[PDB]
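Spelled out from the first residue to the last, the chains are:
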Amino acid sequence: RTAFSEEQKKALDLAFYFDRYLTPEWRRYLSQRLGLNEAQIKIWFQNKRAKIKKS
Amino acid sequence: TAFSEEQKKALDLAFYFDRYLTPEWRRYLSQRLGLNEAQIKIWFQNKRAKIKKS
DNA sequence: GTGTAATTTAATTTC
DNA sequence: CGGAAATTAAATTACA
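Residues numbered from 1 in each chain as written, not as in the entry; some residues may be left out. Chains lettered and ligands numbered in written order. Heavy atoms only, no water. Residues with missing side-chain atoms left out of burial classes, pairs and counts.

Per the deposition metadata, X-ray crystallography was the technique used to determine this entry, at a resolution of 3.20 Å.

With the PDB entry as reference, chain B is termed dualENH, source organism Drosophila melanogaster. Listed as the entry title in the PDB record is "Computational design of co-assembling protein-DNA nanowires".

Going by what the PDB entry lists, chain A is known as dualENH and is assigned to Drosophila melanogaster.

> Could you clarify how one ought to interpret the overall build of chain B in this entry?
Scanning chain B for helices and strands turns up three helices and zero strands. Sequence-ordered secondary structure for chain B, helices as α and strands as β, is α-α-α. By the compact-globule yardstick of 10 Å for 54 residues, chain B fits well, its C-alpha radius of gyration being 10 Å. The principal-axis extent of the C-alpha atoms belonging to chain B is close to 30 × 25 × 20 Å. In chain B, 60% of the contacts between residues at least 6 apart in sequence involve partners at least 24 apart. (Helix = DSSP H or I, 4+ residues; strand = E, 2+ residues; numbered from the N terminus. Rg over C-alpha atoms; globule rule 2.2 N^0.38 Å. Contact = heavy atoms within 4.5 Å.)

> Before we go on, may I ask you to explain the overall build of chain A in this structure?
The helix and strand inventory of chain A stands at three helices and zero strands. Listing the helices and strands of chain A from first to last along the sequence gives α-α-α. For 55 residues, the compact-globule estimate of 2.2 N^0.38 gives 10 Å, and the C-alpha radius of gyration of chain A, at 11 Å, lies within 12% of that figure. Along the longest, intermediate and shortest principal axes, the C-alpha atoms of chain A span 30 × 25 × 20 Å.

> Would you mind going over the packing of helix 1 (residues 5-17) of chain B against helix 3 (residues 37-53) of chain B with me for this structure?
Axis angle and axis distance: for two packed helices, these are the angle between their axes and the distance between the axes, and together they describe the pair. Residues and elements named next belong to chain B. Interaxial distance between helix 1 and helix 3 falls to 11 Å at its minimum, and their mutual angle equals 65°. Here helix 1 lies roughly perpendicular to helix 3, going by the angle between them. The way helix 1 lies across helix 3 gives a crossing that is right-handed. Contacts between helix 1 and helix 3 pair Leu-11, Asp-12, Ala-14 and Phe-15 from the former with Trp-43, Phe-44, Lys-47 and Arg-48 from the latter. (Axes fitted to C-alpha atoms, helices over the stretch in contact; angles between N-to-C directions. Parallel < 35°, antiparallel > 145°, perpendicular 65-115°, else oblique. Left-handed = near helix turned anticlockwise from the far one by under 90°.)

> What am I meant to see in the side chain of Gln-7 of chain B here?
Examined against the element boundaries, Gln-7 of chain B turns out to sit in helix 1. Setting aside chain neighbours within four positions, we find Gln-7 of chain B in contact with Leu-33 and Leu-35 of chain B.

> For this particular structure, what's the right way to read the environment of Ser-31 of chain A?
Residues and elements named next belong to chain A. Structurally, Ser-31 is set in helix 2 (residues 24-33). Between the C-alpha atoms of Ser-31 and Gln-46, which are 15 residues apart in sequence, the distance is 16 Å. If sequence neighbours within four positions are ignored, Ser-31 has contacts with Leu-36, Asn-37 and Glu-38.

> Any chance you could explain the packing of aromatic side chains here in plain terms?
The way to describe two aromatic rings as a pair is by their centre distance and the angle between their planes. A ring pair is formed by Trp-25 of chain B and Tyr-28 of chain B, whose centres lie 5.9 Å apart and whose planes are at 90°; its orientation type is edge-to-face. Here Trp-25 of chain B pairs with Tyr-28 of chain B, and both are found in helix 2 (residues 23-33), just three residues apart, close to one helical turn. Centroid distance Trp-43 of chain B to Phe-44 of chain B: 5.4 Å. Interplanar angle 75°. Geometry classified as edge-to-face. The structure contains a cluster of three or more aromatic residues connected by ring pairs, namely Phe-15, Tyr-16, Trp-43 and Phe-44 of chain B. Positioned over the ring face of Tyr-21 of chain A is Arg-49 of chain A, at 4.1 Å from the centre of the ring. (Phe/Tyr/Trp six-rings, centres within 6.5 Å; stacked < 30°, edge-to-face > 60°. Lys NZ or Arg CZ within 6 Å of the ring centre and 35° of its normal.)

The following block contains the structure:
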């Protein structure tokens, strides 16, 4: 049960609001940049888009 | 779609017998369980996926 | 008590 | 076409 940071959260949000689907070579980039694992990022995307399904 | 327990149990039996499904088996399974052969095909796919993951 | 990460299961796109 | 590998959506389960 991981908890994400603030600096990391703003980045995932920006990357989302630009494109809701992240590119594999972009997602590795983000993943090694923010220090997280590429899996966390994906699951975060899924849980994000959940909010999209709320409208 | 949500599968029943009965359906999961049938799918489970048919898989544990032979891991790869034949056309007459997906027609039969589709016709008894009420599903589409595609639903079933997908089910075998996801099953073998689970076995190779563990 | 809400909010969200992580887990299943059914369905998809691509090689 | 059917199958394998990688993602996605939908619904639920546990930590937060």
